[PDB]
Amino acid sequence: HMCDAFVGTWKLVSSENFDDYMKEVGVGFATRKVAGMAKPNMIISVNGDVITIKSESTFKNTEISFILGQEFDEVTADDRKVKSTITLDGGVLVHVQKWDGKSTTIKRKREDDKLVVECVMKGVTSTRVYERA
Ligand SMILES: Fc1ccc(-c2c3c(nc(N4CCCCC4)c2-c2nnn[nH]2)CCOC3)cc1
């Protein structure tokens with residue numbers, strides 16, 4: 001029942017500062033502009049200990065499956081090859097990606113009827129709000 005309140009299909013409804021987050025991460029111009037238009041779906045499911053998070057969009061479909069606390073390989077939407085670890089901390093899913101000596105942290109939180117996602121790279125934070133689809 002670890003992630004019960006996260007399970008579902010979630011659609012992006014708002015984004016703030018995501019272009020600047022992407023710049024800080026190192027995403028190139030064309031990817032930033034195209035990615036910035038999209039309203040992706042985030043589809044979260046759980047089977048035993050395995051959590052699956054799918055992202056479906058006009059740009060890219062991708063998917064991660066993982067066990068909390070257990071590092072895995074991830075290809076990001078902007079084509080970074082990262083080493084990811086996702087944990088639960090006080091009911092927040094905390095996702096750390098490591099690549100090329102860099103690190104970014106992505107938090108997913110249930111707040112009211114929304115899923116609030118905060119992405120941080122150095123001093124830049126972005127907030128993306130998703131609603132049930
Ligand atoms: F069409 C799309 C598809 C994917 C993304 C996208 C990107 C990146 N990180 C993301 N997430 C945010 C939610 C939590 C995980 C990190 C997304 C995303 N937004 N919604 N789902 N995934 C990194 C940079 O490249 C794009 C943006 C537009």
# chains A, B, ... in the order shown; residues from 1 in each chain; ligands from 1
>>> residues_around(residues="stretch 13-25 of chain A", least_positions_apart="2", cutoff="8 Å", atoms="only C-alpha atoms", output="list in words")
residues 11, 27, 28, 32, 36, 39, 104, 119, 120, 121, 122, 124, 125, 126, 127, 128, 129, 130 and 131 of chain A
>>> residues_around(residues="residue A:59", least_positions_apart="6", cutoff="12 Å", atoms="only C-alpha atoms", output="PyMOL selection string")
chain A and resi 30-41+77-79
>>> write_last_selection(atoms="N, CA and C atoms", output="PDB file, in the first residue's frame")
ATOM      1  N   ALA A  30      16.508  23.131 -28.957  1.00  0.00           N
ATOM      2  CA  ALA A  30      15.382  22.556 -29.674  1.00  0.00           C
ATOM      3  C   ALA A  30      14.567  21.635 -28.779  1.00  0.00           C
ATOM      4  N   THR A  31      15.243  20.813 -27.964  1.00  0.00           N
ATOM      5  CA  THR A  31      14.546  19.959 -27.032  1.00  0.00           C
ATOM      6  C   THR A  31      13.784  20.808 -26.030  1.00  0.00           C
ATOM      7  N   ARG A  32      14.377  21.866 -25.481  1.00  0.00           N
ATOM      8  CA  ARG A  32      13.631  22.696 -24.553  1.00  0.00           C
ATOM      9  C   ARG A  32      12.353  23.227 -25.149  1.00  0.00           C
ATOM     10  N   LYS A  33      12.433  23.761 -26.377  1.00  0.00           N
ATOM     11  CA  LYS A  33      11.262  24.397 -26.950  1.00  0.00           C
ATOM     12  C   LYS A  33      10.142  23.377 -27.226  1.00  0.00           C
ATOM     13  N   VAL A  34      10.498  22.227 -27.772  1.00  0.00           N
ATOM     14  CA  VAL A  34       9.516  21.191 -28.061  1.00  0.00           C
ATOM     15  C   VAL A  34       8.976  20.583 -26.791  1.00  0.00           C
ATOM     16  N   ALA A  35       9.848  20.234 -25.881  1.00  0.00           N
ATOM     17  CA  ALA A  35       9.393  19.648 -24.600  1.00  0.00           C
ATOM     18  C   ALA A  35       8.522  20.609 -23.837  1.00  0.00           C
ATOM     19  N   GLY A  36       8.792  21.902 -23.928  1.00  0.00           N
ATOM     20  CA  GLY A  36       8.027  22.852 -23.171  1.00  0.00           C
ATOM     21  C   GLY A  36       6.582  22.966 -23.580  1.00  0.00           C
ATOM     22  N   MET A  37       6.247  22.575 -24.820  1.00  0.00           N
ATOM     23  CA  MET A  37       4.833  22.629 -25.262  1.00  0.00           C
ATOM     24  C   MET A  37       3.973  21.510 -24.676  1.00  0.00           C
ATOM     25  N   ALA A  38       4.594  20.393 -24.304  1.00  0.00           N
ATOM     26  CA  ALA A  38       3.813  19.205 -24.075  1.00  0.00           C
ATOM     27  C   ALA A  38       3.065  19.262 -22.758  1.00  0.00           C
ATOM     28  N   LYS A  39       1.966  18.513 -22.724  1.00  0.00           N
ATOM     29  CA  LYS A  39       1.200  18.252 -21.515  1.00  0.00           C
ATOM     30  C   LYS A  39       1.212  16.744 -21.293  1.00  0.00           C
ATOM     31  N   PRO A  40       2.304  16.199 -20.740  1.00  0.00           N
ATOM     32  CA  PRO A  40       2.395  14.735 -20.651  1.00  0.00           C
ATOM     33  C   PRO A  40       1.422  14.121 -19.637  1.00  0.00           C
ATOM     34  N   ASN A  41       1.187  12.837 -19.849  1.00  0.00           N
ATOM     35  CA  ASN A  41       0.561  11.981 -18.839  1.00  0.00           C
ATOM     36  C   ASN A  41       1.616  11.246 -18.080  1.00  0.00           C
ATOM     37  N   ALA A  77      13.921  11.862 -20.844  1.00  0.00           N
ATOM     38  CA  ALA A  77      13.241  12.359 -22.052  1.00  0.00           C
ATOM     39  C   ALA A  77      14.176  13.183 -22.948  1.00  0.00           C
ATOM     40  N   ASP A  78      15.121  13.887 -22.344  1.00  0.00           N
ATOM     41  CA  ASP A  78      16.135  14.650 -23.068  1.00  0.00           C
ATOM     42  C   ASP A  78      17.400  13.849 -23.397  1.00  0.00           C
ATOM     43  N   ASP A  79      17.333  12.543 -23.235  1.00  0.00           N
ATOM     44  CA  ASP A  79      18.355  11.609 -23.690  1.00  0.00           C
ATOM     45  C   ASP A  79      19.619  11.568 -22.853  1.00  0.00           C
TER      46      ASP A  79
END
>>> residues_around(residues="stretch 80-92 of chain A", least_positions_apart="3", cutoff="8 Å", atoms="only C-alpha atoms", output="NGL selection string")
:A and (66-77 or 95-99 or 107-110)
>>> select_by_dssp(residues="chain A", states="alpha helix (DSSP H)", output="NGL selection string")
:A and (18-25 or 29-37)
>>> write_last_selection(atoms="N, CA, C and O atoms", output="CSV table (one decimal), in the first residue's frame")
chain,number,residue,atom,x,y,z
A,18,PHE,N,10.1,25.6,-15.8
A,18,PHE,CA,10.7,24.4,-16.3
A,18,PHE,C,11.8,24.6,-17.4
A,18,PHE,O,12.7,23.9,-17.5
A,19,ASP,N,11.6,25.7,-18.2
A,19,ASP,CA,12.6,26.0,-19.2
A,19,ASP,C,14.0,26.3,-18.5
A,19,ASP,O,15.0,25.8,-18.9
A,20,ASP,N,13.9,27.1,-17.4
A,20,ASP,CA,15.2,27.4,-16.7
A,20,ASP,C,15.7,26.1,-16.0
A,20,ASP,O,17.0,26.0,-16.0
A,21,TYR,N,14.9,25.2,-15.5
A,21,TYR,CA,15.4,24.0,-14.9
A,21,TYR,C,16.1,23.2,-16.1
A,21,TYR,O,17.2,22.7,-15.9
A,22,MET,N,15.4,23.1,-17.2
A,22,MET,CA,16.1,22.3,-18.3
A,22,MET,C,17.4,23.0,-18.7
A,22,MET,O,18.4,22.3,-19.0
A,23,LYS,N,17.5,24.3,-18.8
A,23,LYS,CA,18.7,25.0,-19.1
A,23,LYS,C,19.8,24.6,-18.1
A,23,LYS,O,20.9,24.3,-18.5
A,24,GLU,N,19.5,24.6,-16.8
A,24,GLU,CA,20.4,24.2,-15.7
A,24,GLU,C,20.9,22.8,-15.9
A,24,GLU,O,22.1,22.5,-15.6
A,25,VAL,N,20.0,21.9,-16.3
A,25,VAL,CA,20.3,20.5,-16.5
A,25,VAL,C,21.3,20.3,-17.7
A,25,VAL,O,22.0,19.4,-17.8
A,29,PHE,N,18.6,23.8,-26.9
A,29,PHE,CA,17.5,24.7,-27.3
A,29,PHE,C,16.3,23.9,-27.9
A,29,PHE,O,15.1,24.2,-27.5
A,30,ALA,N,16.5,23.1,-29.0
A,30,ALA,CA,15.4,22.6,-29.7
A,30,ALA,C,14.6,21.6,-28.8
A,30,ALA,O,13.3,21.6,-28.8
A,31,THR,N,15.2,20.8,-28.0
A,31,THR,CA,14.5,20.0,-27.0
A,31,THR,C,13.8,20.8,-26.0
A,31,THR,O,12.6,20.5,-25.7
A,32,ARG,N,14.4,21.9,-25.5
A,32,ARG,CA,13.6,22.7,-24.6
A,32,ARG,C,12.4,23.2,-25.1
A,32,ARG,O,11.3,23.3,-24.5
A,33,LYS,N,12.4,23.8,-26.4
A,33,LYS,CA,11.3,24.4,-26.9
A,33,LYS,C,10.1,23.4,-27.2
A,33,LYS,O,9.0,23.6,-27.0
A,34,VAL,N,10.5,22.2,-27.8
A,34,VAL,CA,9.5,21.2,-28.1
A,34,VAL,C,9.0,20.6,-26.8
A,34,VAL,O,7.8,20.4,-26.6
A,35,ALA,N,9.8,20.2,-25.9
A,35,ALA,CA,9.4,19.6,-24.6
A,35,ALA,C,8.5,20.6,-23.8
A,35,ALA,O,7.6,20.2,-23.2
A,36,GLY,N,8.8,21.9,-23.9
A,36,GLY,CA,8.0,22.9,-23.2
A,36,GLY,C,6.6,23.0,-23.6
A,36,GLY,O,5.8,23.4,-22.8
A,37,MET,N,6.2,22.6,-24.8
A,37,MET,CA,4.8,22.6,-25.3
A,37,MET,C,4.0,21.5,-24.7
A,37,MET,O,2.7,21.6,-24.6
>>> select_by_dssp(residues="chain A", states="strand (DSSP E or B)", output="ChimeraX atom specification")
/A:8-16,41-47,50-56,61-66,72-75,81-89,92-99,102-111,114-121,124-132
>>> atom_distance(atom1="atom CA of residue A:44", atom2="atom CA of residue A:102")
26.5 Å
>>> atom_distance(atom1="atom 23 (C, counted along the ligand's line) of ligand 1", atom2="atom CA of residue A:43")
16.3 Å
>>> atom_distance(atom1="atom 6 (C, counted along the ligand's line) of ligand 1", atom2="atom CA of residue A:55")
8.3 Å
>>> closest_residue(among="A:103, A:45, A:57, A:52", to="ligand 1", atoms="only C-alpha atoms and all ligand atoms")
A:57
>>> closest_residue(among="A:47, A:26, A:113, A:65", to="ligand 1", atoms="only C-alpha atoms and all ligand atoms")
A:26
